[PDB]
Amino acid sequence: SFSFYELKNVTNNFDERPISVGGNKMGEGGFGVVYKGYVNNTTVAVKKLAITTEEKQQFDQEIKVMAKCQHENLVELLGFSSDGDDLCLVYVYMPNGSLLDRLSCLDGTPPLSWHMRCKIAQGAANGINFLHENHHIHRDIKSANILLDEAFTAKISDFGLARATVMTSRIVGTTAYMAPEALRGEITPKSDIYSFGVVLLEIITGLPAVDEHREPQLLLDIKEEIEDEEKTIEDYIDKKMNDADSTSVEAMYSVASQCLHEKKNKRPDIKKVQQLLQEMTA
Ligand SMILES: CC(C)Oc1nc2nn([C@]34CO[C@](C)(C3)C4)cc2cc1C(=O)Nc1cccn([C@H]2C[C@H]2F)c1=O
């Protein structure tokens, strides 16, 4: 447990400037802003939450799922702070930031090699598999919620939407990653698989999941382009790599394609996805 005074103190008073300019801001999600902190001889990440105020519930839920789900491919939650002006979650610092940022080479980081893209996709599937085995649905699988430590091990983060077939009157998620049935209110782990297909296309292409100036705007729509023979896989392979063999890139694309089936019951389950990603680099 942490106090707002101490989290405030170790974040330079929640300095909103980017790290490069001298502040503490590392990024921001839909629901908060993430700051670097240095507390008790340890670098940490501190998310200050910031949707109706009752919609506090997320803070509450994030703590319960972290208690249950601990795994090599899941971010570790260090502590929290409910006292003070805002609420705050403290996590183990992830030295290579998010997969989203490393795919865009944000702040000058080197492009991820194909070999490391392959290991990261396997690691992220392992984290999803752990969640579904423990009867959890993440509901916000995306490359911004896959973080990378100093070994480039993938760790799933941001459990504020996770849940323990069923409809909800409160649809949540990130639209550019969301399966059709999840957009329409369904709660199923089959939807996490769909979102993971989009993440696999980010990893293949280096492109963001949505781009209003791009044709097509939604990355998941390049699957139909390739199927229609309007483009090839090769047209979309990230050029910022020189170790991407054709065979294994097409193999991961095929995985991404099966994940992106419109009909949830035609999608592979996470165990099949794990097996196929394993076979890719075997
Ligand atoms: C993605 C962004 C928000 O976080 C980070 N960006 C970073 N960039 N760099 C560098 C180093 O060299 C560079 C050139 C790349 C800058 C290091 C980073 C560490 C973090 C971090 O540890 N971030 C989280 C840890 C734990 C959890 N969560 C999420 C729940 C939310 F809080 C995190 O976000």
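Per the PDB entry, the protein goes by the name Interleukin-1 receptor-associated kinase 4 and belongs to Homo sapiens. The record lists the entry's title as "IRAK4 in complex with compound 23". Its UniProt record, at the heading Cofactor, says of the protein: "Mg(2+)". What UniProt records for the protein under Subcellular location is the sentence "Cytoplasm".

K.L.:
So what's going on with the site of the ligand? Which residues, and what values?
P.N.:
Taken together, 19 residues surround the ligand, and among them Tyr 93, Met 94, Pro 95, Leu 147 and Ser 157 come closest. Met 94 is positioned with one of its backbone polar atoms (N or O) 2.8 Å from an oxygen atom of the ligand. Where the shell around the ligand is concerned, the elements lending two or more residues are β1 (25-28), β3 (42-49) and β5 (88-92). Taken together, domain 1 (1-93) and domain 2 (94-281) each give at least three residues to the shell around the ligand, which thus spans both.

K.L.:
For the layout of surface pockets, give the residues involved together with the corresponding values.
P.N.:
Any empty space left between the atoms is revealed when a probe the size of a water molecule rolls over them. What the second largest pocket holds in volume is close to 160 Å³. Along its surface, the second largest pocket is lined by 14 residues, and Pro 180, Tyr 194, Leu 220, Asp 221 and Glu 262 are the ones closest to its centre. At the level of elements, α5 (180-183) and α7 (222-227) are the ones that each hand at least two residues to the lining of the second largest pocket. When its residues are assigned to classes, the lining of the second largest pocket shows nine nonpolar, one polar and four charged.

K.L.:
Can you break down the nonpolar core residue by residue, with the values?
P.N.:
The biggest cluster of nonpolar side chains holds 62 residues, and the ones touching the most others in it are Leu 99, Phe 196, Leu 200, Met 252, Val 273 and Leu 277. Looking at which domains feed residues into this core, each of domain 1 (1-93) and domain 2 (94-281) gives three or more. Filtering out sequence-adjacent residues up to four positions away, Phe 196 remains in contact with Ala 121, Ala 124, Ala 125, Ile 128, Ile 141, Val 273 and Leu 277. Counting residues in each nonpolar core, the second largest holds 12 residues, with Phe 4, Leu 7, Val 39 and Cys 88 among its members.

K.L.:
I'd like to hear about the domain arrangement of the protein, residue by residue, with values.
P.N.:
Each assigned domain of the protein is listed here: domain 1 (1-93) and domain 2 (94-281). Relative to domain 2, the C-alpha centre of domain 1 lies at a distance of 25 Å. With 18 residues of domain 1 at the interface, the matching set in domain 2 holds 21 residues. Top element by residues in the side of domain 1 that touches domain 2 is helix α2 (residues 57-68). It accounts for six residues. Split by residue class, the side of domain 1 that touches domain 2 holds eight nonpolar, five polar and five charged.

K.L.:
Explain the packing of helix α6 (residues 189-205) against helix α9 (residues 246-259) to me, using residue names and the numbers behind them.
P.N.:
At their nearest, the axes of α6 and α9 sit 7 Å apart, and the two run at 150 degrees to each other. Taken together, the axes of α6 and α9 lie roughly antiparallel to each other. Note on packing geometry: the crossing formed by α6 with α9 is left-handed. Touching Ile 193, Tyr 194, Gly 197, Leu 200, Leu 201, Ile 203 and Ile 204 of α6 are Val 249, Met 252, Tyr 253, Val 255, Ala 256 and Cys 259, all from α9. Grouping the amino acids of the contact of α6 with α9 by side-chain chemistry returns 12 nonpolar, one polar and no charged.

K.L.:
Lay out the pairing of β5 with the relevant residues and their values.
P.N.:
Most of β5 is tucked away: four of the five residues are buried. Sheet analysis places β3 next to β5, joined by five bridges and oriented antiparallel. Its bridge partner lying in β5, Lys 47 is registered against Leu 89. Strand direction decides the pairing type here: strand β4 (residues 77-81) and β5, joined by four bridges, are antiparallel. Considered in β5, the bridge of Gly 79 is made with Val 90.

Each value, and the rule that gives it
Residues numbered from 1 in each chain as written, not as in the entry; some residues may be left out. Heavy atoms only, no water. Residues with missing side-chain atoms left out of burial classes, pairs and counts. UniProt positions renumbered as here; feature names shortened; annotations may be inferred. Near = heavy atom within 4 Å. Polar contact = N/O pair within 3.5 Å; in protein donor to acceptor, adjacent residues only side chain to side chain. Helix = DSSP H or I, 4+ residues; strand = E, 2+ residues; numbered from the N terminus. Domains from an automatic or database assignment. 1 Å grid on protein atoms, 1.4 Å probe; cavity = no way out; pocket = protein on both sides within 12 Å on 5 of 7 lines; lining within 4 Å. Points joined across faces, edges and corners; volume = space filled by probe spheres on them. Nonpolar A, V, L, I, M, F, W, Y, C, P; charged D, E, K, R; others polar. Core = buried A, V, L, I, M, F, W, Y, C linked by side-chain atoms within 4.5 Å. Buried < 20%, exposed > 50% of the residue type's maximum accessible area, 1.4 Å probe, protein only. Contact = heavy atoms within 4.5 Å. Axes fitted to C-alpha atoms, helices over the stretch in contact; angles between N-to-C directions. Parallel < 35°, antiparallel > 145°, perpendicular 65-115°, else oblique. Left-handed = near helix turned anticlockwise from the far one by under 90°. Pairing = 2+ DSSP bridges.

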